[PDB]
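S.K.: Residue numbers (my numbering), protein chains in the order written: chain W, 76 to 377; chain A, 90 to 250; chain H, 28 to 814; chain Z, 726 to 943; chain L, 395 to 487; chain D, 18 to 388.
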Amino acid sequence: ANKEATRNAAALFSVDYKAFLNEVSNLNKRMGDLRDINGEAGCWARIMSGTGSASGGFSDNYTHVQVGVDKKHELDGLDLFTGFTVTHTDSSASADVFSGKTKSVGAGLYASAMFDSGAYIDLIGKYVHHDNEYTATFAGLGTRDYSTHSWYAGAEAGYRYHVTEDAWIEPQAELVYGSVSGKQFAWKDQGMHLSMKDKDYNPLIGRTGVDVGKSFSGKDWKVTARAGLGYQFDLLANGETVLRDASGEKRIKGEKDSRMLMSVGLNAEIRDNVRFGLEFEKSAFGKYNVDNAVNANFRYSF
Amino acid sequence: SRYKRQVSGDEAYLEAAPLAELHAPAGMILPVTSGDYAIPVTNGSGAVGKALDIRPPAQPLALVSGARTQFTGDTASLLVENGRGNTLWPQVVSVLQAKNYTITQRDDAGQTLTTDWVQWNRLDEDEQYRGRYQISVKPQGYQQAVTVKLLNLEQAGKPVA
Amino acid sequence: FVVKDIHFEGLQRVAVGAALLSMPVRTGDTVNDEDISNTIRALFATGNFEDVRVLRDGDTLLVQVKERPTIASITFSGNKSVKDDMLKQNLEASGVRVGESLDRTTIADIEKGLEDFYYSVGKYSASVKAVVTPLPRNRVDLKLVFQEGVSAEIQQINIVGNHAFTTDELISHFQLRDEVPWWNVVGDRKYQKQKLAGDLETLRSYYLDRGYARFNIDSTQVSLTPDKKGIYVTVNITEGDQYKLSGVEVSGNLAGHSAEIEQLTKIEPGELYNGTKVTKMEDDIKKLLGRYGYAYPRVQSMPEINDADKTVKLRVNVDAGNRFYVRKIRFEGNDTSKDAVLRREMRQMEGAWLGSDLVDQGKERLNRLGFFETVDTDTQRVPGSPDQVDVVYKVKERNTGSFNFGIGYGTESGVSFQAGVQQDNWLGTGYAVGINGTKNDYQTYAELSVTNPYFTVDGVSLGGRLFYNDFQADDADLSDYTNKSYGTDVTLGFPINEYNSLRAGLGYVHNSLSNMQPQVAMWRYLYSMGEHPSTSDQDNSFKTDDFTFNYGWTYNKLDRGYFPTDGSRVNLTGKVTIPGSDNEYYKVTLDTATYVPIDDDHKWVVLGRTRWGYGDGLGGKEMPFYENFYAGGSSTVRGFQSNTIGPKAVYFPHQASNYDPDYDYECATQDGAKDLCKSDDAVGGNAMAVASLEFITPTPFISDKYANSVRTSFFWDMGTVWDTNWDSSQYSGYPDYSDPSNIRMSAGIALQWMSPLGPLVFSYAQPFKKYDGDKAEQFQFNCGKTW
Amino acid sequence: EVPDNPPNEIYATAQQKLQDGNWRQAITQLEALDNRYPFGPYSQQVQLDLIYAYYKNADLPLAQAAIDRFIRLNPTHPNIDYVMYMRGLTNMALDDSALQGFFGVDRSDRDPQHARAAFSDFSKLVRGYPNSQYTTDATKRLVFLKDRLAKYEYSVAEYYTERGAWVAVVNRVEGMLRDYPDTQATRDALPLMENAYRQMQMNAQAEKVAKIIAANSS
Amino acid sequence: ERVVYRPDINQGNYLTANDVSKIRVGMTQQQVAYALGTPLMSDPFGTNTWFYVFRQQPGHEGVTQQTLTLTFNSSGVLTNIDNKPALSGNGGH
Amino acid sequence: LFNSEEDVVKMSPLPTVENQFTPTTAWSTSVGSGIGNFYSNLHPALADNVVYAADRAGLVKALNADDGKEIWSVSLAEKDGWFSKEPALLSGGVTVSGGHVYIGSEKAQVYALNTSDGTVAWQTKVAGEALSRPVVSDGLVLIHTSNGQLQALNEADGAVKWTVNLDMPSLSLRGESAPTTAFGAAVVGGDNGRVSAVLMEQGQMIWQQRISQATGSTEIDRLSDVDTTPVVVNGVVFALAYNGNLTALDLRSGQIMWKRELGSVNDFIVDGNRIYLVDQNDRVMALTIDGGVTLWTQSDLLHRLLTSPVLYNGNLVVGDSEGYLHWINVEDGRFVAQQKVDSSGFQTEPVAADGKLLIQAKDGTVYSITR
């Protein structure tokens with residue numbers, strides 16, 4: 076008869092969404108662009124924010140220092156510049172009850188085929204993992220930690236028109252895959268240790284974005300008006316756990332979510348080494364919709 | 090951080106101190122005789138710096154295979170050597186007819202044609218050209234002596250050599 | 028025949044001009060059938076037409092030109108062993124290529140030439156076919172089918188006749204091998220004639236330098252296992268009754284150096300012959316005469332033998348030459364750094380008797396500088412003159428400098444700014460400007476540098492520095508371990524010898540503590556220095572100005588400047604405060620390195636490294652804690668966190684600081700870390716002893732061309748730190764920091780890259796040991812902020 | 726990525742690529758039209774414009790190679806002067822073009838090899854076809870180059886008189902007074918020879934060089 | 395001020411004693427050149443004299459110099475030699 | 018990666034199993050592996066119901082040719098030595114005459130054993146290593162080494178009677194040119210496609226003659242896998258070539274009777290009226306003596322490493338590198354039977370005597386067989 080177990084399992088769903096739909100990334104928001112690069116490698120620095128607006132009310136913070144070379148092997152299809160990438164995540168977040176952080180790393184290879192006019196058809200086979208360290212203040216239960224994995228897909232599909240030197244029109248499409256853990260514990264408030272044992276989540280997160288990039292020029296500094304839009308869904312939001320309230324057994328599972336994100340980003344390419352660029356996103360339609368999220372990037376070719 | 094040259098145009102070579110010869114007093118000669126670094130004196134006579142045309146000398150492109158499409162100075166060439174010398178005249182008159190070029194006088198009983206001026210456009214540099222072409226086709230035999238003589242070359246209406 | 032036109036219909040290669048030049052049917056005379064055959068044979072010898080079918084038309088000839096231009100391409104089907112460039116140069120070696128005209132009557136022989144090249148590489152079974160393909164109106168290409176069987180395998184390197192030494196010994200000392208250890212895979216059983224000749228040389232040398240002066244190879248045979256699979260190699264020898272050496276008889280024209288020559292011709296009467304020692308003695312005579320100036324002498328040895336008693340005697344001939352060889356020493360390829368920069372390090376000067384060893388000291392120093400990738404000496408002679416020479420150093424540059432930045436993050440804002448550039452030969456002028464700094468939410472920082480290493484021409488090298496470091500640390504308002512410190516330096520330092528150096532120079536280091544947390548160590552120090560604060564009161568203001576007297580030493584002796592392969596390195600480095608300063612300490616680090624090569628080609632090289640340290644007080648007082656030795660992290664003790672080895676601070680309890688919100692700033696107030704209890708800080712003690720060791724092995728994948736600029740290595744660390752003032756009596760229940768016997772090891776791999784950002788680094792490690800609270804880090808690099 | 730088209734079409738589009746400052750597609754189409762038509766009746770024209778492309782695109786070694794093979798396989802021409810001038814300007818651009826000169830770095834000391842080759846080249850030109858259109862620019866650049874070499878030799882003479890080895894000073898200034906007896910370097914140098922004759926105690930020679938300094942002192 | 399290190403300095407025309415004791419009057423350019431080397435400091439400004447100067451600078455040990463000036467004739471014969479041991483005036487320290 | 022980088026020609030595995038009769042294995046004695054994988058000529062022979070085999074590196078056994086009993090097993094590789102017993106590397110071919118079993122070595126020695134016990138009757142040294150089955154005739158014991166040095170040997174004393182000389186190109190096949198005898202005249206193969214000869218009394222090189230294209234400087238493919246062993250007929254001499262381009266000739270003349278430079282045959286035999294042999298590429302083919310006219314071929318075993326064939330009870334025998342044994346008819350011309358015995362493969366010439374058949378594999382080293 077635990078009617079606040081509703082809010083509690085909701086907080087668990089919230090930490091699931093927190094982890095995963097905080098750890099998602101286009102080739103945008105992560106390297107800005109790699110069209111028309113020269114050199115050997117760089118240092119793909121990155122920072123963000125991103126307070127949530129779901130039923131709890133949350134916050135965000137990131138950092139994503141990187142590195143990777145890219146040899147110019149023009150082999151197959153459209154212009155392919157294969158490259159290497161490693162990353163390091165030091166996420167930091169909060170919630171309306173508790174808080175948590177995480178350190179993380181993985182490999183980030185990619186390509187630059189994209190029809191050679193803008194598709195994002197590439198080979199972004201990102202392999203990331205985590206080990207989340209989270210406190211818990213719903214009765215001070217405090218600790219429950221784990222690892223997790225997030226295997227990526229990469230390429231998106233954009234057929235560019237490019238009628239002028241300014242139009243960057245292209246759709247996006249992506250779908251990631253992972254799993255979290257069998258977090259097993261018991262929240263103790265009423266003598267009998269009330270337990271929650273989330274077997275796994277193994278979700279499948281998809282989006283169908285579309286880009287309307289608007290170019291620009293300076294003497295030798297390229298700016299852009301990066302706007303975009305598109306779906307963002309899941310496919311398997313199982314997340315069914317136990318409810319050991321000591322009054323009985325009860326199974327409540329999550330459902331597929333649906334949100335349309337809005338993006339008003341931009342980009343800069345002053346002095347061909349740097350590719351500084353400061354972007355901004357927004358979301359809508361109800362479930363874990365992000366409201367205030369900026370996204371600052373960087374890169375320094377050699 | 091070694092070498093990042095850029096020579097799209099540079100103007101530091103009109104200012105070097107002119108060579109002031111080295112006088113010498115009574116008794117002390119000097120044996121320059123190994124002089125190979127010796128700038129011989131030669132009259133003028135042209136441009137300096139960005140007033141020159143590094144743009145290569147004109148040499149046209151062949152329309153037919155077997156055409157000595159050569160240009161030297163201010164004259165071109167389209168010399169072709171086919172089986173008979175009774176083939177090029179109808180083709181060139183068909184070109185001049187159907188392609189709508191204007192010509193003042195043409196002795197159609199002969200093959201010597203004097204035309205009016207023709208203009209061409211070329212965004213290579215930031216200038217344009219106009220001139221009067223004269224093909225003189227005289228059948229020396231089973232060959233064809235082709236020559237082109239430009240009388241006036243006007244740049245958007247101004248004759249310049 | 029009166030020919031009015033010679034039909035060159037559809038040539039697509041040649042014009043009518045070269046045609047008429049190579050024309051047998053030239054106009055003017057009466058052509059006959061002999062001239063017709065001449066025309067057909069001329070077109071054949073040129074070979075531009077599949078079928079030269081000349082036809083007479085009344086009085087003119089016309090050849091039914093069939094299209095054998097062009098070779099549209101050169102298609103190759105999976106060579107898998109040889110780069111297509113070698114195939115195309117071997118093909119043009121045969122006579123056909125793109126743009127030419129086809130030669131149908133040679134394809135088989137071209138394929139056979141490919142077979143020959145494959146026989147040359149040790150892979151015998153091979154077959155290659157040619158296929159032609161139609162394309163628009165002229166193009167017909169030739170592709171090369173390929174079938175590459177297998178590289179043969181040396182089954183048995185026999186030896187016959189040897190009764191003195193065992194066969195396996197010689198087999199081992201060879202360059203080829205028939206049995207390679209699995210657990211010790213070195214080379215592969217594949218055969219190449221060059222290796223065979225080299226091996227014959229090695230074996231001949233091996234017998235020569237034993238006394239067997241008459242030894243000689245007798246024949247050699249290399250059979251092919253009748254399966255296209257295996258190689259048998261036999262070698263026939265004749266050992267021949269080793270002899271003994273009797274006495275050197277050096278003779279000729281010495282130019283007055285008899286003495287040291289004699290001292291280089293010392294042989295214990297009764298010593299066995301030793302060929303390698305003969306050639307070494309000969310080369311030593313050459314070099315000796317090459318020091319005093321005679322750089323181009325000719326010296327011949329001649330082991331006059333005596334088979335009767337079977338002992339040998341050495342005649343030797345020497346010649347003089349002439350002297351003043353240097354006249355003009357010029358450099359090449361130094362297109363960025365100045366010329367005076369190079370001539371500052373030439374110990375052979377123009378207009379002076381050529382000293383070969385001097386020029387070589389030059390080459391060495393130019394290497395040991397660091398700015399240059401490769402340095403190649405040379406010695407030309409000037410034509411027309413007998414005895415004058417123009418030394419010339421071919422020098423190719425490298426990218427010094429760096430641009431080290433990175434952000435990384437942590438607590439809840441999104442702020443980190445670590446940046447910095449170290450130019451090191453800034454604009455060639457030889458200087459070394461280095462400026463690095465960083466900001467933060469709290470801590471500012473800035474550091475400059477400049478060090479002209481030739482402030483005079485003798486070597487006296489003046490330096491400089493400056494640093495501002497405010498640890499403002501506004502957690503909420505104030506009173507939060509403010510640490511304002513700045514100061515400057517000057518470090519003048521001359522050389523003493525061809526390798527060493529000393530130093531000197533003063534430095535002044537203002538510092539200002541404010542409101543630190545009443546720990547144990549800091550308080551031992553403070554209380555020792557007269558000023559005693561309230562044991563449980565956050566407030567205290569300690570500010571001190573001092574001065575010093577730096578001093579140093581070094582010993583630089585390597586083979587290169589960036590990726591060494593031999594030599595050493597050291598530099599003691601001290602400090603001491605002069606009287607009048609407001610604290611009396613003295614510390615002395617001692618870096619070190621070492622290298623020892625394993626191979627003789629200098630690929631494998633064992634490294635070596637260490638560091639040391641100390642500190643003290645000059646009477647009662649103690650080395651002010653703000654300069655203890657931290658240790659741990661990349662480049663010092665791999666694997667751990669940065670600056671996390673050594674003691675961990677303790678804390679007194681606390682009640683009030685006017686900055687202690689609910690569950691904020693857990694720095695030993697009432698809420699957390701009460702009366703004496705150990706947290707997980709890293710305060711750092713004075714002493715330090717960090718060893719190391721590495722193992723340098725060549726890169727595994729990159730061809731040498733720029734595998735010169737990468738060096739992979741396995742390694743092994745250690746480390747420690749203690750506090751030689753750490754009392755243990757009254758602080759029993761806590762780890763005895765005063766005990767050095769707390770080694771913390773590690774191991775792992777490492778890779779380096781000299782990318783245009785400068786030296787990168789990557790290293791995976793593992794803490795093979797730990798202690799209480801040592802945060803590990805199994806991955807580190809310097810393109811940003813670590814793991 | 727060659728579009729297989731009629732040749733004069735390729736040339737029209739390549740010329741337009743030159744027009745736009747689109748040197749990359751330009752050199753692409755030109756390279757194709759050239760190597761795949763190895764006896765085109767215009768290979769001369771495409772070669773010339775290819776050199777022009779190479780140079781203006783600032784990647785020199787290819788330009789030098791093209792110029793050299795052009796000389797080899799066409800050892801005469803009505804337009805050789807352009808070839809020679811272009812070889813020369815290739816070298817002189819190799820000489821000093823690191824834009825790091827923003828700090829005002831007098832680049833007279835980095836090796837004088839490229840300047841030497843450029844001087845040989847331009848001199849061969851101006852002594853070959855003096856009355857051409859590429860003459861006055863050549864003469865100006867020759868003046869500049871002579872001055873530059875002279876300043877290099879003076880730099881080395883200065884360093885040696887710093888260190889001490891005086892005989893080398895006397896020889897290097899013998900050089901800059903035997904090959905460049907016109908420029909400003911040698912007139913700034915002569916006092917070095919005066920000094921380094923005095924140190925060796927060869928007074929009379931010092932008095933000679935003193936006379937020579939006096940007679941051209943103004 | 396006190397000083398410590400400097401390498402050695404050498405300036406050409408090494409000279410023994412016997413070789414100097416060889417070249418007498420009446421000889422020819424080729425002969426002297428064959429007997430001592432090629433004089434790497436000639437005199438351009440006029441007369442045809444050669445300069446044999448032997449200067450050795452041993453690293454804070456003063457300075458030694460045996461200047462020797464051979465003056466030839468118009469056609470190439472020799473007419474006078476001027477020999478000189480360690481330079482006049484004090485060499486320094 | 019390492020596995021997917023090889024590409025060679027293939028071999029038809031094992032066609033058309035026909036097994037008319039019952040193949041038997043009398044005994045499978047294990048004289049000891051053995052020839053390993055090194056190519057050699059160790060062909061265990063047989064005389065008076067006694068089998069004498071050998072390994073590569075060691076012993077020499079005397080086998081009771083009715084059941085396989087070890088009469089005695091000496092070990093010639095020296096008990097003493099330098100490293101371990103000094104593996105003698107026996108690579109000659111066991112033989113029989115009088116009471117001795119000559120066994121060519123690889124350390125350039127030529128042992129000579131005894132039937133009863135193993136007491137070395139003598140032991141010589143010969144320039145270069147022996148690699149050929151030593152032959153017995155008129156006291157002399159020829160041996161053709163791997164230096165092209167036919168160093169004849171006297172019988173009861175190992176006395177070197179002479180030494181003829183031959184040429185040696187760079188890439189020879191494993192030069193194995195056994196000699197033979199005819200009318201006191203010695204015929205001998207060679208390493209350059211040159212069937213020489215010598216008078217077997219003094220060393221008179223009667224005449225040299227080039228037969229066909231031997232590998233080298235006119236190279237036939239690297240699979241010219243042959244034994245140059247010739248054979249004699251009533252008055253005419255046949256021979257393959259160092260590649261096998263068959264030829265025929267007469268003792269005194271050498272004037273070639275005909276030529277068949279199409280089958281580069283390998284290790285051949287004859288009988289009476291018709292040839293039988295194994296082709297360069299396994300094309301077992303009959304032929305008529307008088308002229309190289311084919312009779313019938315077969316191509317089942319392409320690129321299967323075979324061994325020389327044998328006549329036996331009106332049937333022909335062949336070995337293979339896969340351990341099988343492919344009986345064949347004497348007329349046309351296809352299979353007659355099939356079997357397999359060992360799984361290490363045969364590599365040496367079998368034998369035939371007293372109805373007994375024998376062969377040594379690399380490991381089993383003996384399989385007496387009767388069908």
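Positions of the beta carbon are idealized from the N, C-alpha and C atoms, including for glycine.
1) Across which residues does DSSP place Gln470 of chain H in a beta bridge pair?
2) Under 8 Å Cβ-Cβ, which residues of chain L neighbour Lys933 of chain Z?
3) Of the residues L:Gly431, L:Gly440 and L:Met421, which one's Cα is nearest the Cα of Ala929 of chain Z?
4) Would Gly340 of chain D and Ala378 of chain D qualify as a contact pair, given that the criterion is a beta-carbon distance under 8 Å?
5) Taking 8 Å as the threshold, find out whether the region 160 to 174 of chain W comes into contact with the region 84 to 104 of chain W through three or more Cβ pairs.
6) Let me make sure I understand the geometry here. Which of H:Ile625, H:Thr637 and H:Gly279 has the alpha-carbon closest to that of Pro324 of chain H?
7) Taking only beta-carbon positions, decide if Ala165 of chain A is within less than 8 Å of chain Z.
8) State yes or no: is the beta carbon of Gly889 of chain Z nearer than 8 Å to at least one beta carbon in chain E?
9) Using a C-beta to C-beta distance shorter than 9 Å, which residues of chain D count as neighbours of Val249 of chain H?
10) Compare the beta carbon distance of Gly456 of chain L and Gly485 of chain L with 8 Å and say whether it is the shorter of the two.
11) Does any residue of chain Z bring its CB to less than 8 Å from the CB of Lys93 of chain A?
12) What are the complete beta strand (DSSP E) segments, minimum 3 residues, inside the region 101 to 141 of chain W?
13) How about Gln450 of chain L: is its C-beta nearer than 8 Å to some C-beta of chain Z?
14) Is there a Cβ of chain H sitting closer than 8 Å to that of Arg150 of chain D, yes or no?
15) Closest Cβ-Cβ distance between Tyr259 of chain D and chain H: below 8 Å?
16) By the criterion of Cβ-Cβ separation under 9 Å, what are the contact partners of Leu119 of chain A in chain L?
M.R.: Inspection of the coordinates gives the following:
1) By one-based count along the third sequence, residue 470 of chain H stands at place 443. Paired residue(s): H:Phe498.
2) Here residue 933 of chain Z is taken as the residue at index 208 of the fourth sequence, counted from 1. Near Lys933 of chain Z (Cβ distances below 8 Å), the residues of chain L are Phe439 and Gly440.
3) Translated into positions along the fourth sequence, residue 929 of chain Z becomes position 204. It is L:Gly440 whose Cα lies nearest to the Cα of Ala929 of chain Z.
4) Against the sixth sequence, residue 340 of chain D aligns to sequence position 323. Against the sixth sequence, residue 378 of chain D aligns to sequence position 361. Contact flag set, yes.
5) yes
6) What you label residue 324 of chain H is simply residue 297 of the third sequence in a count that begins at 1. Of the listed residues, the one whose Cα sits closest to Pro324 of chain H is H:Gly279.
7) Locating residue 165 of chain A in the second sequence gives position 76, counting from the first residue. Cβ-Cβ to chain Z under 8 Å: no for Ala165 of chain A.
8) In summary, chain E is missing from the structure at hand, where the protein chains are W, A, H, Z, L and D.
9) Counted from its first residue, the third sequence places residue 249 of chain H at position 222. Chain D residues near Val249 of chain H: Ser187, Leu188 and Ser189.
10) Locating residue 456 of chain L in the fifth sequence gives position 62, where the first residue counts as 1. Locating residue 485 of chain L in the fifth sequence gives position 91, where the first residue counts as 1. In this structure, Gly485 of chain L lies closer than 8 Å to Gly456 of chain L by Cβ.
11) By 1-based counting over the second sequence, the position of residue 93 of chain A is 4. Chain Z contact via Cβ: present.
12) 121 to 123
13) Position 56 of the fifth sequence, counted from the start, is the residue given in the question as residue 450 of chain L. Not one chain Z Cβ lies under 8 Å of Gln450 of chain L.
14) Looking up residue 150 of chain D in the sixth sequence gives position 133. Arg150 of chain D does not count as touching chain H.
15) For the purposes of this step, residue 259 of chain D is taken as residue 242 along the sixth sequence, with counting starting at 1. No - not a single Cβ of chain H is within 8 Å of the one on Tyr259 of chain D.
16) Residue numbering aside, residue 119 of chain A sits at position 30 when the second sequence is read from its first letter. Those are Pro438 and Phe439, listed as they occur along chain L.
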